[PDB]
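Given as structure tokens, the chain that follows is alone and in the form deposited in one PDB entry.
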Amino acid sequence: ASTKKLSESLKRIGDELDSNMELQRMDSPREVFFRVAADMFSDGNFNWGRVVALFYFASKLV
């Protein structure tokens, strides 16, 4: 029950990110990444979850 309560949480978070935001929204890879990254951190909040979402976004374009 220990690992099961944690995996169902991440599984619940993962599917709700996949169904809420119409993702897979995707000319020049480097520019547009730094374009959204500058807009992600216009407010000086560099929280860790923002880097993780920005990490996957960078690997998507490659």
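Residues that one form lacks are left out of the comparison. From 1 onward, residues are counted along the sequence shown. For clarity, a rigid core is taken as the largest C-alpha set superposing within 1.5 Å between two forms.
From this point on, the text means the form deposited in another entry, which you will not see here.
In the core-superposed comparison between the shown form and the other one, the C-alpha atom of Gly14 has shifted by at least 2 angstroms. Relative to the shown form, the Cα atoms of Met21 and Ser42 move apart by 3 Å or more in that other deposited form. Core-superposed difference between the shown form and the other one: one segment of three or more residues with every CA shifted 2 Å or more, namely 1 to 26.
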